[PDB]
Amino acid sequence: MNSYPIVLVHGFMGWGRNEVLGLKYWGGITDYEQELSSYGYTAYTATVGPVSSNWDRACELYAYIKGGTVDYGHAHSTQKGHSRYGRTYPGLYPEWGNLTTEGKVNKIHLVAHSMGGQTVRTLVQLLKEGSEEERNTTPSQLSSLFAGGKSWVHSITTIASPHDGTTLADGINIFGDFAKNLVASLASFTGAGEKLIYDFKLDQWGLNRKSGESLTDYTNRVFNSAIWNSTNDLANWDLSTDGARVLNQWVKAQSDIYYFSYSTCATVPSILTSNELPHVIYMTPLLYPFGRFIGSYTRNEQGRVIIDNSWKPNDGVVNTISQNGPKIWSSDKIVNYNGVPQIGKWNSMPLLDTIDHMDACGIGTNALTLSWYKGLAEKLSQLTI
């Protein structure tokens, strides 16, 4: 069968287990990761920059899993204006990619939500073929990620992911409004207020919280920065229809990886339940204005992705049409899941209807259950070598 562990990868504005006390990104007030492990399905939780680029998140992901210090790359860092080196991690799974005594390879299943879907596609692209750019120009001490030849991932499951981007990020200004409100929403919903533990992890830009700085001031200083308009190396570019398109050109479906994609769609009500993330201004559900914005945004400009009525359905954060797999500037094959997993292609699962964006990772009035994720892990462990 299969005994590869599961590594969970949060999306846009996602947070790690040591942050936002009282609310797990994966499961809300249930710890899905630990429950899955208690059922015998080993699961780990990776943490990456809630608003960094996919390239940056992919590098953080490699280090977070394998172990070591984050290397954004010699070439990439310089071209974008980074710190080349990031944080250092013990590693969730140090033996990742090794061989057993019997010479089998230690692979993992990547399960990703939202932007994480893009991130892990990027990770496997770097695993398999590294970066020719980095291998050429690097003095010494190059990051192992960029070598290539590493087949360490067995499957990729993406949930509510913007494989063709989101019109939420095309609106530019509403991207920052969404970010600010999500933090504000978390602080209210947990009761943490200004003492909420949340970090944007932008130290490679020098944008780390100062001492004695309030969460609110820290948040505003981050998204009022000039960086957002000057670089194309942040989430706001990669989440757009324009940037995702670009990513799609060079991040391709690998041959030896099973791909599963789940799609979400919802109309968010205006009435607020105590069971969901609130909008701190409107006293509606958090996703209410964003769902309406996306559902009414169209665009017919030359040179950009044409955005028509088929783009209006969404889950409050991501257009539904964008989630079955990368289509735009992509050659990835997308297939309807028949019951037999087809390797090398995207197995597009039946639509998760009336599931909004936060529902999908376990938070909300229609949250995917612990039992649902148990079902997913079972499926992933039934995949043959």
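Quick note: we count residues from 1 along the sequence shown, nothing fancier.
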| query | finding |
| --- | --- |
| Average Cα temperature factor in the PDB entry - higher stretch of 49 to 57, 332 to 340 | 332 to 340 |
| 95 to 103 set against 283 to 291, stretch whose average Cα temperature factor tops the other in the entry | 95 to 103 |
| Candidate set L127, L186, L272, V268 [ranked by C-alpha B-factor, highest] | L127 |
| Residue with maximal Cα B-factor (values as given in the PDB entry) among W250, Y297, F178, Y198 | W250 |
| Third of chain Cα B-factors occupied by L8 | lowest |
| Ranked C-alpha temperature factor of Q323 among modelled chain residues, by third | lowest |
| Modelled-residue ranking by C-alpha temperature factor, third containing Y262 | lowest |
| CA B-factor placement of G243, once the chain's modelled residues are sorted into thirds | middle |
| Modelled-residue ranking by C-alpha temperature factor, third containing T119 | middle |
